[PDB]
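Below you'll find the structure, written out as C-alpha cells, and then a few comments.
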Amino acid sequence: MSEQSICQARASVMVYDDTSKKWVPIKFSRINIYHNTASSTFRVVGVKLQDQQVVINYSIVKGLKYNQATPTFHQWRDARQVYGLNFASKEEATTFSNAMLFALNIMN
Amino acid sequence: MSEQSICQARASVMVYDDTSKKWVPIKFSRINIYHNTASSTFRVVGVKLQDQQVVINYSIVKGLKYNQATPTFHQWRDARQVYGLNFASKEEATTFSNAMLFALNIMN
Amino acid sequence: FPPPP
Amino acid sequence: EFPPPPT
C-alpha cells in the first residue's frame, strides 16, 4: 500500500548527454530506492534535500543494466538513455549498489 | 528527463479499508503531482515533510476516477482500491483538484 | 466511493 | 555500453 525504502544515499544525479557528448546534471540530492509490496515494484527516487523537490522517480525495470563506473560513480542504461549518480561517499555508493543489484535480482 | 511539479499541497493521505469498513492512514504530508515530459507521465507523490520519506508515489492513470467528497476531502479509485486526501485547507484542495483534473484531461 | 472519514 | 564517467 505504502512506499517502503530499501536504502538511502547522497548523490548528484546526472544524465549522459550523447549529443553534447558530456555528462550533465538532471536539474547533492538524497537517493532512495523504494519498494511497493502491494505491486512488487522498485523505484529510484531522488529528492532535493534543499527545496525537497523530486529530481528523479525511476522504475528499475526487468532488464536494466547497472554499471559501477567508479567507487563513487555508477550508471544505468534503460534502453534509450543512461543515468549516473555521483555519490557523496564510497560507503553510500556501496550501500546503494547492493540494494540496486538486489532489487534487480528480485526484478528477475 | 527530470520530474516537473505541476502542483503542491498539504494533506493527510489515507486508504479506505473496505474490510474494517473504515478510512485508515497510509502510514500531514506534502502532496505534489509531478509530470515527466520525457514520458508524458503524471504521478501523485506524497512526502513526509518530517522525515522526508515518500508515503505515496501514485501514477494517475488513463481511466482514473477522482471524486471531491468534500471541500477538503477528495478521493480516487484506481480499479481495485480507493485513496483519499484530507487536505489542510480548502484552498490547497482547490489547487490540487485543478491539477489532478487537468492531468487526467491530458491523460486522455 | 465510501463516505469521507 | 556506458560512456566514461566525469573527472
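Following the order of the C-alpha cells, first chain is A, next is B, and so on, with residues numbered from 1 inside each chain and ligands from 1 in the order they appear.
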Would you give me, as a tab-separated table, each residue of chain B having an atom within 6 Å of an atom of chain A, along with its shortest atom pair and that distance in Å to one decimal, using only C-alpha atoms and sorting by chain and residue number?
```
residue	atom	partner	partner_atom	distance
B:2	CA	A:55	CA	5.5
B:3	CA	A:55	CA	5.2
B:55	CA	A:3	CA	5.4
B:56	CA	A:3	CA	5.9
```
Residues of the last selection are to be written out with C-alpha atoms, as a PDB file, in the first residue's frame.
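The resulting file, out20.pdb, is shown below:
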```pdb
ATOM      1  CA  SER B   2      13.560  15.306 -14.792  1.00  0.00           C
ATOM      2  CA  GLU B   3      10.476  15.436 -12.602  1.00  0.00           C
ATOM      3  CA  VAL B  55       4.309   7.879   1.606  1.00  0.00           C
ATOM      4  CA  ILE B  56       2.726   7.629  -1.809  1.00  0.00           C
TER       5      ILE B  56
END
```
All in-order C-alpha pairs, least squares, chain A moved onto chain B. Output the fitted coordinates as a short mmCIF file (atom, residue, chain, number, x, y, z; two decimals) with N, CA and C atoms, in the first residue's frame, please.
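That gives us out.cif:
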```cif
data_model
loop_
_atom_site.label_atom_id
_atom_site.label_comp_id
_atom_site.auth_asym_id
_atom_site.auth_seq_id
_atom_site.Cartn_x
_atom_site.Cartn_y
_atom_site.Cartn_z
N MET A 1 13.15 14.50 -18.93
CA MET A 1 14.31 13.87 -18.22
C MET A 1 14.10 13.92 -16.71
N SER A 2 13.79 15.12 -16.22
CA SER A 2 13.57 15.33 -14.79
C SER A 2 12.08 15.35 -14.40
N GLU A 3 11.84 15.43 -13.10
CA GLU A 3 10.49 15.47 -12.59
C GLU A 3 10.08 16.93 -12.40
N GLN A 4 8.99 17.31 -13.07
CA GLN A 4 8.48 18.67 -13.01
C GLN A 4 7.11 18.75 -12.32
N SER A 5 7.08 19.32 -11.11
CA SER A 5 5.85 19.46 -10.34
C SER A 5 4.84 20.41 -10.99
N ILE A 6 3.56 20.03 -10.96
CA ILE A 6 2.53 20.87 -11.53
C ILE A 6 1.54 21.33 -10.46
N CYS A 7 1.92 21.16 -9.20
CA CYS A 7 1.09 21.55 -8.05
C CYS A 7 1.61 20.94 -6.74
N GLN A 8 1.31 21.59 -5.62
CA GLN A 8 1.78 21.14 -4.32
C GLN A 8 0.77 21.49 -3.25
N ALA A 9 0.49 20.56 -2.34
CA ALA A 9 -0.49 20.84 -1.29
C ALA A 9 -0.31 19.94 -0.08
N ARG A 10 -0.84 20.37 1.06
CA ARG A 10 -0.72 19.62 2.30
C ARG A 10 -1.95 18.79 2.53
N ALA A 11 -1.75 17.51 2.79
CA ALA A 11 -2.88 16.62 3.01
C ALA A 11 -2.44 15.41 3.78
N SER A 12 -3.41 14.74 4.36
CA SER A 12 -3.17 13.52 5.11
C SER A 12 -3.64 12.43 4.16
N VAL A 13 -2.72 11.62 3.64
CA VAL A 13 -3.13 10.59 2.70
C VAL A 13 -3.64 9.38 3.45
N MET A 14 -4.80 8.87 3.02
CA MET A 14 -5.43 7.69 3.65
C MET A 14 -5.99 6.70 2.65
N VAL A 15 -6.10 5.45 3.08
CA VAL A 15 -6.64 4.38 2.24
C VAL A 15 -7.96 3.90 2.83
N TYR A 16 -8.97 3.73 1.98
CA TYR A 16 -10.25 3.26 2.48
C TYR A 16 -10.22 1.76 2.71
N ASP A 17 -10.28 1.36 3.98
CA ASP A 17 -10.28 -0.05 4.36
C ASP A 17 -11.68 -0.66 4.26
N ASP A 18 -11.97 -1.25 3.10
CA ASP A 18 -13.26 -1.87 2.85
C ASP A 18 -13.62 -2.91 3.90
N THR A 19 -12.63 -3.60 4.43
CA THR A 19 -12.88 -4.61 5.45
C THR A 19 -13.23 -3.94 6.78
N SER A 20 -12.26 -3.26 7.39
CA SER A 20 -12.53 -2.58 8.65
C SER A 20 -13.62 -1.57 8.37
N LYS A 21 -13.98 -1.47 7.10
CA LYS A 21 -15.02 -0.56 6.63
C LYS A 21 -14.69 0.89 6.96
N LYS A 22 -13.49 1.13 7.49
CA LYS A 22 -13.07 2.49 7.87
C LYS A 22 -12.02 3.08 6.95
N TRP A 23 -11.76 4.38 7.11
CA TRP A 23 -10.73 5.10 6.35
C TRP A 23 -9.51 5.09 7.25
N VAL A 24 -8.39 4.58 6.74
CA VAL A 24 -7.18 4.50 7.54
C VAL A 24 -6.01 5.24 6.91
N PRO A 25 -5.11 5.75 7.75
CA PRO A 25 -3.93 6.48 7.29
C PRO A 25 -3.04 5.50 6.54
N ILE A 26 -2.32 5.98 5.53
CA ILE A 26 -1.46 5.08 4.76
C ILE A 26 -0.21 4.61 5.51
N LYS A 27 0.24 5.39 6.48
CA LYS A 27 1.43 5.04 7.26
C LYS A 27 1.14 3.99 8.34
N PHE A 28 0.03 15.31 8.53
CA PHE A 28 0.07 15.93 7.16
C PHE A 28 1.36 15.67 6.40
N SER A 29 1.24 15.51 5.08
CA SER A 29 2.38 15.25 4.19
C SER A 29 2.28 16.29 3.10
N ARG A 30 3.32 16.42 2.31
CA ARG A 30 3.27 17.38 1.25
C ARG A 30 2.90 16.58 0.02
N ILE A 31 1.86 17.02 -0.69
CA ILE A 31 1.45 16.33 -1.89
C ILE A 31 1.78 17.20 -3.08
N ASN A 32 2.31 16.54 -4.10
CA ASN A 32 2.75 17.14 -5.34
C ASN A 32 2.34 16.22 -6.47
N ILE A 33 2.05 16.79 -7.62
CA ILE A 33 1.71 16.00 -8.78
C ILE A 33 2.85 16.34 -9.73
N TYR A 34 3.69 15.37 -10.04
CA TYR A 34 4.79 15.61 -10.95
C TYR A 34 4.47 15.09 -12.33
N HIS A 35 5.12 15.70 -13.31
CA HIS A 35 4.95 15.31 -14.70
C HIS A 35 6.30 15.02 -15.34
N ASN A 36 6.32 14.00 -16.19
CA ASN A 36 7.53 13.64 -16.89
C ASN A 36 7.26 13.91 -18.36
N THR A 37 7.84 14.99 -18.85
CA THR A 37 7.66 15.37 -20.24
C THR A 37 8.31 14.32 -21.13
N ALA A 38 9.45 13.80 -20.67
CA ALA A 38 10.18 12.78 -21.40
C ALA A 38 9.49 11.42 -21.27
N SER A 39 8.17 11.43 -21.09
CA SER A 39 7.39 10.20 -20.94
C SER A 39 5.90 10.50 -20.83
N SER A 40 5.57 11.79 -20.84
CA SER A 40 4.19 12.23 -20.72
C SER A 40 3.55 11.33 -19.67
N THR A 41 3.99 11.53 -18.44
CA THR A 41 3.53 10.75 -17.30
C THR A 41 3.21 11.69 -16.16
N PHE A 42 2.23 11.32 -15.33
CA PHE A 42 1.87 12.14 -14.19
C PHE A 42 1.83 11.25 -12.96
N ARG A 43 2.36 11.75 -11.84
CA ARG A 43 2.35 10.97 -10.60
C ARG A 43 1.98 11.80 -9.40
N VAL A 44 1.34 11.16 -8.43
CA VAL A 44 0.98 11.81 -7.19
C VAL A 44 2.05 11.28 -6.24
N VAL A 45 2.86 12.17 -5.69
CA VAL A 45 3.92 11.77 -4.77
C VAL A 45 3.74 12.50 -3.45
N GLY A 46 3.54 11.75 -2.38
CA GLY A 46 3.37 12.36 -1.08
C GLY A 46 4.59 12.09 -0.24
N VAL A 47 5.18 13.15 0.30
CA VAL A 47 6.37 13.02 1.14
C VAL A 47 6.09 13.48 2.58
N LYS A 48 6.69 12.79 3.54
CA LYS A 48 6.54 13.12 4.94
C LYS A 48 7.44 14.32 5.16
N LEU A 49 6.90 15.52 5.18
CA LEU A 49 7.74 16.69 5.36
C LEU A 49 8.45 16.70 6.73
N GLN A 50 8.36 15.61 7.47
CA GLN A 50 9.00 15.51 8.79
C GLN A 50 10.31 14.78 8.65
N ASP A 51 10.24 13.53 8.20
CA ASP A 51 11.41 12.69 7.99
C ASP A 51 11.64 12.51 6.50
N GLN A 52 10.95 13.34 5.72
CA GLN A 52 11.05 13.37 4.25
C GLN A 52 10.97 12.03 3.51
N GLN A 53 10.21 11.11 4.08
CA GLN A 53 10.00 9.79 3.50
C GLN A 53 8.77 9.84 2.58
N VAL A 54 8.84 9.17 1.44
CA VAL A 54 7.72 9.15 0.50
C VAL A 54 6.65 8.17 1.00
N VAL A 55 5.42 8.67 1.17
CA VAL A 55 4.31 7.83 1.62
C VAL A 55 3.48 7.30 0.45
N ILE A 56 3.46 8.04 -0.64
CA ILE A 56 2.70 7.62 -1.80
C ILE A 56 3.42 8.07 -3.08
N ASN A 57 3.39 7.23 -4.11
CA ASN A 57 4.02 7.53 -5.40
C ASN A 57 3.09 6.84 -6.39
N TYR A 58 1.97 7.49 -6.65
CA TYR A 58 0.91 6.97 -7.50
C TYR A 58 0.82 7.54 -8.89
N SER A 59 0.69 6.67 -9.87
CA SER A 59 0.56 7.12 -11.24
C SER A 59 -0.90 7.38 -11.55
N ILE A 60 -1.25 8.62 -11.89
CA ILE A 60 -2.63 8.90 -12.24
C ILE A 60 -2.78 8.29 -13.64
N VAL A 61 -3.61 7.26 -13.72
CA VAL A 61 -3.81 6.53 -14.96
C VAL A 61 -4.87 7.11 -15.92
N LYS A 62 -5.04 6.46 -17.06
CA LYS A 62 -5.98 6.90 -18.09
C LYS A 62 -7.48 6.94 -17.72
N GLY A 63 -7.98 5.94 -17.00
CA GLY A 63 -9.39 5.97 -16.66
C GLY A 63 -9.71 6.21 -15.19
N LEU A 64 -8.76 6.81 -14.48
CA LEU A 64 -8.91 7.09 -13.06
C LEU A 64 -10.17 7.90 -12.77
N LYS A 65 -10.70 7.72 -11.56
CA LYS A 65 -11.90 8.42 -11.14
C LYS A 65 -11.55 9.25 -9.91
N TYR A 66 -11.52 10.57 -10.09
CA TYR A 66 -11.22 11.48 -8.99
C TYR A 66 -12.53 12.02 -8.45
N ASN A 67 -12.73 11.91 -7.15
CA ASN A 67 -13.95 12.40 -6.53
C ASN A 67 -13.62 13.40 -5.42
N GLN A 68 -14.26 14.55 -5.47
CA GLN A 68 -14.08 15.57 -4.46
C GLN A 68 -15.21 15.42 -3.45
N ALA A 69 -15.04 14.46 -2.54
CA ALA A 69 -16.03 14.18 -1.51
C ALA A 69 -16.47 15.44 -0.79
N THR A 70 -15.52 16.19 -0.25
CA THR A 70 -15.83 17.42 0.45
C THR A 70 -14.83 18.50 0.04
N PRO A 71 -15.07 19.76 0.42
CA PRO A 71 -14.13 20.83 0.05
C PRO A 71 -12.69 20.63 0.53
N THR A 72 -12.50 19.70 1.46
CA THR A 72 -11.16 19.40 1.96
C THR A 72 -10.88 17.90 1.96
N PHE A 73 -11.74 17.14 1.30
CA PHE A 73 -11.53 15.70 1.22
C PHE A 73 -11.87 15.16 -0.15
N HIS A 74 -10.87 14.65 -0.84
CA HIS A 74 -11.04 14.11 -2.17
C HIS A 74 -10.54 12.68 -2.21
N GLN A 75 -11.04 11.89 -3.16
CA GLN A 75 -10.63 10.50 -3.29
C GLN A 75 -10.52 10.08 -4.74
N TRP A 76 -9.99 8.90 -4.97
CA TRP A 76 -9.89 8.42 -6.32
C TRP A 76 -9.77 6.91 -6.29
N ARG A 77 -10.47 6.26 -7.21
CA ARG A 77 -10.45 4.81 -7.28
C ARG A 77 -9.61 4.41 -8.47
N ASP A 78 -8.71 3.46 -8.27
CA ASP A 78 -7.87 3.01 -9.37
C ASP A 78 -8.67 2.02 -10.17
N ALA A 79 -9.06 0.94 -9.49
CA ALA A 79 -9.84 -0.13 -10.09
C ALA A 79 -9.79 -1.29 -9.13
N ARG A 80 -9.17 -1.08 -7.98
CA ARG A 80 -9.09 -2.16 -7.00
C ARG A 80 -8.78 -1.61 -5.61
N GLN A 81 -8.90 -0.29 -5.46
CA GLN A 81 -8.62 0.36 -4.18
C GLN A 81 -8.86 1.85 -4.28
N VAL A 82 -9.35 2.43 -3.18
CA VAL A 82 -9.63 3.85 -3.16
C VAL A 82 -8.74 4.63 -2.19
N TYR A 83 -8.25 5.76 -2.68
CA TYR A 83 -7.39 6.65 -1.92
C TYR A 83 -8.12 7.98 -1.69
N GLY A 84 -7.79 8.63 -0.59
CA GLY A 84 -8.40 9.91 -0.27
C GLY A 84 -7.36 10.80 0.37
N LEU A 85 -7.56 12.10 0.25
CA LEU A 85 -6.63 13.05 0.81
C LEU A 85 -7.36 14.03 1.67
N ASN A 86 -7.03 14.06 2.96
CA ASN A 86 -7.67 15.00 3.84
C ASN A 86 -6.79 16.23 3.76
N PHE A 87 -7.24 17.26 3.04
CA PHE A 87 -6.41 18.44 2.90
C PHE A 87 -6.25 19.29 4.14
N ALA A 88 -5.36 20.27 4.05
CA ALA A 88 -5.12 21.12 5.19
C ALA A 88 -5.93 22.38 5.02
N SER A 89 -6.42 22.61 3.82
CA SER A 89 -7.19 23.81 3.56
C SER A 89 -7.97 23.66 2.29
N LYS A 90 -9.13 24.31 2.23
CA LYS A 90 -9.96 24.26 1.05
C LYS A 90 -9.13 24.75 -0.12
N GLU A 91 -8.41 25.85 0.09
CA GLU A 91 -7.59 26.41 -0.97
C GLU A 91 -6.63 25.39 -1.57
N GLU A 92 -5.91 24.66 -0.73
CA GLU A 92 -4.97 23.66 -1.23
C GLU A 92 -5.69 22.53 -1.94
N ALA A 93 -6.95 22.31 -1.56
CA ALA A 93 -7.77 21.26 -2.16
C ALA A 93 -8.19 21.70 -3.55
N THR A 94 -8.57 22.97 -3.66
CA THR A 94 -8.98 23.55 -4.93
C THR A 94 -7.81 23.47 -5.88
N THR A 95 -6.63 23.78 -5.36
CA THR A 95 -5.44 23.77 -6.17
C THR A 95 -5.09 22.38 -6.69
N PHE A 96 -5.06 21.41 -5.79
CA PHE A 96 -4.73 20.04 -6.16
C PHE A 96 -5.73 19.40 -7.13
N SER A 97 -7.01 19.74 -6.99
CA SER A 97 -8.02 19.18 -7.87
C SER A 97 -7.92 19.72 -9.32
N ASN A 98 -7.68 21.02 -9.50
CA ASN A 98 -7.53 21.61 -10.84
C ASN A 98 -6.38 20.91 -11.58
N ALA A 99 -5.27 20.66 -10.86
CA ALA A 99 -4.11 19.98 -11.43
C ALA A 99 -4.55 18.59 -11.79
N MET A 100 -5.07 17.88 -10.79
CA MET A 100 -5.51 16.51 -11.00
C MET A 100 -6.40 16.39 -12.22
N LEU A 101 -7.53 17.07 -12.20
CA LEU A 101 -8.43 16.99 -13.34
C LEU A 101 -7.69 17.33 -14.63
N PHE A 102 -6.87 18.38 -14.60
CA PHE A 102 -6.09 18.80 -15.77
C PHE A 102 -5.20 17.62 -16.25
N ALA A 103 -4.47 17.02 -15.33
CA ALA A 103 -3.60 15.91 -15.65
C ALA A 103 -4.40 14.77 -16.23
N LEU A 104 -5.60 14.57 -15.71
CA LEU A 104 -6.46 13.50 -16.18
C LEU A 104 -6.93 13.82 -17.60
N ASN A 105 -7.24 15.08 -17.87
CA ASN A 105 -7.67 15.49 -19.20
C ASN A 105 -6.56 15.12 -20.18
N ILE A 106 -5.34 15.56 -19.89
CA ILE A 106 -4.23 15.23 -20.77
C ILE A 106 -4.17 13.70 -20.90
N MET A 107 -4.28 13.01 -19.77
CA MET A 107 -4.23 11.55 -19.72
C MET A 107 -5.14 10.93 -20.76
N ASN A 108 -6.02 11.75 -21.33
CA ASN A 108 -6.97 11.28 -22.33
C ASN A 108 -6.98 12.19 -23.58
#
```
Using DSSP on the backbone coordinates, identify all residues within chain B classified as strand (DSSP E); present the result as a CSV table (one decimal) with N, CA and C atoms, in the first residue's frame.
```csv
chain,number,residue,atom,x,y,z
B,4,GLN,N,9.0,17.3,-13.1
B,4,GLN,CA,8.4,18.6,-13.0
B,4,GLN,C,7.1,18.7,-12.4
B,5,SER,N,7.0,19.3,-11.2
B,5,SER,CA,5.8,19.5,-10.4
B,5,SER,C,4.8,20.5,-11.0
B,6,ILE,N,3.5,20.0,-11.0
B,6,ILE,CA,2.5,20.9,-11.5
B,6,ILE,C,1.6,21.3,-10.5
B,7,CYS,N,1.9,21.1,-9.2
B,7,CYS,CA,1.1,21.5,-8.0
B,7,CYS,C,1.6,20.9,-6.7
B,8,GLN,N,1.3,21.6,-5.6
B,8,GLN,CA,1.8,21.2,-4.3
B,8,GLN,C,0.7,21.6,-3.2
B,9,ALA,N,0.5,20.6,-2.3
B,9,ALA,CA,-0.5,20.9,-1.3
B,9,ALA,C,-0.3,20.0,-0.1
B,10,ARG,N,-0.8,20.4,1.1
B,10,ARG,CA,-0.7,19.7,2.3
B,10,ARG,C,-1.9,18.8,2.6
B,11,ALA,N,-1.7,17.5,2.8
B,11,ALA,CA,-2.8,16.7,3.0
B,11,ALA,C,-2.4,15.5,3.8
B,12,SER,N,-3.4,14.7,4.3
B,12,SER,CA,-3.2,13.5,5.0
B,12,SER,C,-3.7,12.4,4.1
B,13,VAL,N,-2.8,11.6,3.6
B,13,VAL,CA,-3.2,10.6,2.7
B,13,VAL,C,-3.6,9.4,3.4
B,14,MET,N,-4.8,8.9,3.0
B,14,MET,CA,-5.5,7.7,3.6
B,14,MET,C,-6.0,6.7,2.6
B,15,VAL,N,-6.1,5.5,3.1
B,15,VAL,CA,-6.6,4.4,2.2
B,15,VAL,C,-8.0,3.9,2.8
B,16,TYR,N,-9.0,3.7,2.0
B,16,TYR,CA,-10.2,3.3,2.5
B,16,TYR,C,-10.2,1.8,2.7
B,17,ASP,N,-10.3,1.3,4.0
B,17,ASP,CA,-10.2,-0.1,4.3
B,17,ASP,C,-11.6,-0.7,4.3
B,22,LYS,N,-13.5,1.1,7.5
B,22,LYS,CA,-13.0,2.4,7.9
B,22,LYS,C,-12.0,3.0,7.0
B,23,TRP,N,-11.7,4.3,7.2
B,23,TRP,CA,-10.7,5.1,6.4
B,23,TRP,C,-9.5,5.0,7.2
B,24,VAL,N,-8.4,4.5,6.7
B,24,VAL,CA,-7.2,4.5,7.5
B,24,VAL,C,-6.0,5.2,6.9
B,25,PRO,N,-5.1,5.7,7.8
B,25,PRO,CA,-3.9,6.4,7.3
B,25,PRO,C,-3.0,5.5,6.5
B,29,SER,N,1.2,15.5,5.1
B,29,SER,CA,2.4,15.2,4.2
B,29,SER,C,2.3,16.3,3.1
B,30,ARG,N,3.4,16.4,2.3
B,30,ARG,CA,3.3,17.4,1.3
B,30,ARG,C,3.0,16.6,0.0
B,31,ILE,N,1.9,17.0,-0.7
B,31,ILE,CA,1.5,16.3,-1.9
B,31,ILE,C,1.9,17.1,-3.1
B,32,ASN,N,2.3,16.5,-4.1
B,32,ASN,CA,2.7,17.1,-5.3
B,32,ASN,C,2.3,16.2,-6.4
B,33,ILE,N,2.1,16.8,-7.6
B,33,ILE,CA,1.7,16.0,-8.8
B,33,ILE,C,2.9,16.3,-9.7
B,34,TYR,N,3.7,15.3,-10.1
B,34,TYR,CA,4.8,15.6,-11.0
B,34,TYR,C,4.5,15.1,-12.3
B,35,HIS,N,5.1,15.7,-13.3
B,35,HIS,CA,4.9,15.3,-14.7
B,35,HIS,C,6.3,15.0,-15.4
B,36,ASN,N,6.3,14.0,-16.2
B,36,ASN,CA,7.5,13.6,-16.9
B,36,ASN,C,7.3,13.9,-18.4
B,41,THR,N,4.0,11.5,-18.5
B,41,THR,CA,3.6,10.7,-17.3
B,41,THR,C,3.3,11.7,-16.1
B,42,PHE,N,2.2,11.4,-15.4
B,42,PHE,CA,1.8,12.1,-14.2
B,42,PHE,C,1.8,11.2,-13.0
B,43,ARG,N,2.3,11.7,-11.8
B,43,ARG,CA,2.3,11.0,-10.6
B,43,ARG,C,2.0,11.8,-9.4
B,44,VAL,N,1.3,11.2,-8.4
B,44,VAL,CA,0.9,11.8,-7.2
B,44,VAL,C,2.0,11.3,-6.2
B,45,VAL,N,2.9,12.2,-5.7
B,45,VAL,CA,3.9,11.8,-4.8
B,45,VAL,C,3.8,12.5,-3.5
B,46,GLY,N,3.6,11.7,-2.4
B,46,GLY,CA,3.4,12.3,-1.1
B,46,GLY,C,4.6,12.0,-0.2
B,47,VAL,N,5.2,13.1,0.3
B,47,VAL,CA,6.4,13.0,1.1
B,47,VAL,C,6.1,13.5,2.6
B,54,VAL,N,8.8,9.2,1.4
B,54,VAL,CA,7.7,9.2,0.5
B,54,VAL,C,6.6,8.2,1.0
B,55,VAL,N,5.4,8.7,1.1
B,55,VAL,CA,4.3,7.9,1.6
B,55,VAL,C,3.5,7.3,0.5
B,56,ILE,N,3.5,8.1,-0.7
B,56,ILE,CA,2.7,7.6,-1.8
B,56,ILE,C,3.5,8.1,-3.1
B,57,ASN,N,3.4,7.3,-4.1
B,57,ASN,CA,4.0,7.6,-5.4
B,57,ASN,C,3.1,6.9,-6.4
B,58,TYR,N,2.0,7.5,-6.7
B,58,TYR,CA,0.9,7.0,-7.5
B,58,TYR,C,0.8,7.6,-8.9
B,59,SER,N,0.7,6.7,-9.9
B,59,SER,CA,0.5,7.1,-11.2
B,59,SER,C,-0.9,7.4,-11.6
B,65,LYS,N,-10.7,7.7,-11.5
B,65,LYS,CA,-11.9,8.4,-11.1
B,65,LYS,C,-11.6,9.2,-9.9
B,66,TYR,N,-11.5,10.5,-10.1
B,66,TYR,CA,-11.3,11.5,-9.0
B,66,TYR,C,-12.6,12.0,-8.5
B,67,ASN,N,-12.8,11.9,-7.2
B,67,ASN,CA,-14.0,12.4,-6.5
B,67,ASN,C,-13.7,13.4,-5.4
B,68,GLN,N,-14.3,14.5,-5.5
B,68,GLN,CA,-14.1,15.5,-4.5
B,68,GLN,C,-15.2,15.4,-3.4
B,69,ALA,N,-15.1,14.5,-2.5
B,69,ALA,CA,-16.0,14.2,-1.5
B,69,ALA,C,-16.5,15.4,-0.7
B,70,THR,N,-15.5,16.2,-0.3
B,70,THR,CA,-15.9,17.5,0.5
B,70,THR,C,-14.8,18.5,0.1
B,73,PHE,N,-11.8,17.1,1.3
B,73,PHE,CA,-11.6,15.7,1.2
B,73,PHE,C,-11.9,15.2,-0.2
B,74,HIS,N,-10.9,14.7,-0.9
B,74,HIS,CA,-11.1,14.1,-2.2
B,74,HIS,C,-10.6,12.7,-2.3
B,75,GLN,N,-11.1,11.9,-3.2
B,75,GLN,CA,-10.6,10.5,-3.3
B,75,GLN,C,-10.5,10.1,-4.7
B,76,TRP,N,-10.0,8.9,-5.0
B,76,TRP,CA,-9.9,8.4,-6.3
B,76,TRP,C,-9.8,6.9,-6.3
B,77,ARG,N,-10.5,6.3,-7.2
B,77,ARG,CA,-10.5,4.8,-7.3
B,77,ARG,C,-9.6,4.4,-8.5
B,82,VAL,N,-9.4,2.4,-3.2
B,82,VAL,CA,-9.7,3.9,-3.2
B,82,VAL,C,-8.8,4.6,-2.3
B,83,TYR,N,-8.3,5.8,-2.7
B,83,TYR,CA,-7.4,6.7,-2.0
B,83,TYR,C,-8.1,8.0,-1.7
B,84,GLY,N,-7.8,8.6,-0.6
B,84,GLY,CA,-8.4,9.9,-0.3
B,84,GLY,C,-7.4,10.8,0.4
B,85,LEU,N,-7.5,12.1,0.2
B,85,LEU,CA,-6.6,13.1,0.8
B,85,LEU,C,-7.4,14.1,1.7
B,86,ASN,N,-7.0,14.1,2.9
B,86,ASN,CA,-7.7,15.0,3.8
B,86,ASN,C,-6.8,16.3,3.8
B,87,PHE,N,-7.3,17.3,3.1
B,87,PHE,CA,-6.4,18.5,2.9
B,87,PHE,C,-6.3,19.3,4.1
```
Problem set entry | DSSP helix (DSSP H, G or I) residues within chain A, listed as a list in words | residues 90, 91, 92, 93, 94, 95, 96, 97, 98, 99, 100, 101, 102, 103, 104, 105 and 106 of chain A
Kindly export the residues of the current selection with N, CA and C atoms, as a short mmCIF file (atom, residue, chain, number, x, y, z; two decimals), in the first residue's frame.
```cif
data_model
loop_
_atom_site.label_atom_id
_atom_site.label_comp_id
_atom_site.auth_asym_id
_atom_site.auth_seq_id
_atom_site.Cartn_x
_atom_site.Cartn_y
_atom_site.Cartn_z
N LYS A 90 32.11 6.67 -0.94
CA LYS A 90 32.22 5.30 -1.42
C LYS A 90 31.22 4.47 -0.64
N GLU A 91 31.19 4.67 0.67
CA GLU A 91 30.28 3.92 1.52
C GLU A 91 28.83 3.99 1.03
N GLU A 92 28.35 5.20 0.76
CA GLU A 92 26.97 5.34 0.29
C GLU A 92 26.77 4.70 -1.07
N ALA A 93 27.85 4.60 -1.83
CA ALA A 93 27.82 4.00 -3.17
C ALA A 93 27.70 2.50 -3.01
N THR A 94 28.46 1.95 -2.07
CA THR A 94 28.45 0.52 -1.79
C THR A 94 27.05 0.15 -1.35
N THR A 95 26.47 0.99 -0.51
CA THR A 95 25.15 0.74 0.00
C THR A 95 24.08 0.74 -1.08
N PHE A 96 24.08 1.78 -1.90
CA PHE A 96 23.10 1.90 -2.97
C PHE A 96 23.20 0.80 -4.03
N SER A 97 24.42 0.35 -4.32
CA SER A 97 24.60 -0.70 -5.31
C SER A 97 24.08 -2.08 -4.84
N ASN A 98 24.33 -2.45 -3.58
CA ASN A 98 23.84 -3.73 -3.03
C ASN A 98 22.30 -3.76 -3.14
N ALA A 99 21.65 -2.64 -2.82
CA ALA A 99 20.20 -2.54 -2.91
C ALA A 99 19.83 -2.70 -4.36
N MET A 100 20.40 -1.84 -5.19
CA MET A 100 20.11 -1.88 -6.62
C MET A 100 20.22 -3.28 -7.18
N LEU A 101 21.41 -3.87 -7.10
CA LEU A 101 21.57 -5.20 -7.62
C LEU A 101 20.54 -6.15 -7.02
N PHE A 102 20.32 -6.06 -5.71
CA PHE A 102 19.33 -6.90 -5.02
C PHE A 102 17.94 -6.70 -5.66
N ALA A 103 17.53 -5.45 -5.82
CA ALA A 103 16.25 -5.14 -6.42
C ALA A 103 16.16 -5.70 -7.82
N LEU A 104 17.28 -5.65 -8.53
CA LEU A 104 17.32 -6.15 -9.89
C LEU A 104 17.18 -7.67 -9.88
N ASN A 105 17.81 -8.33 -8.91
CA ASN A 105 17.71 -9.78 -8.79
C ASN A 105 16.24 -10.13 -8.64
N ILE A 106 15.58 -9.51 -7.67
CA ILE A 106 14.16 -9.78 -7.48
C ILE A 106 13.44 -9.51 -8.81
#
```
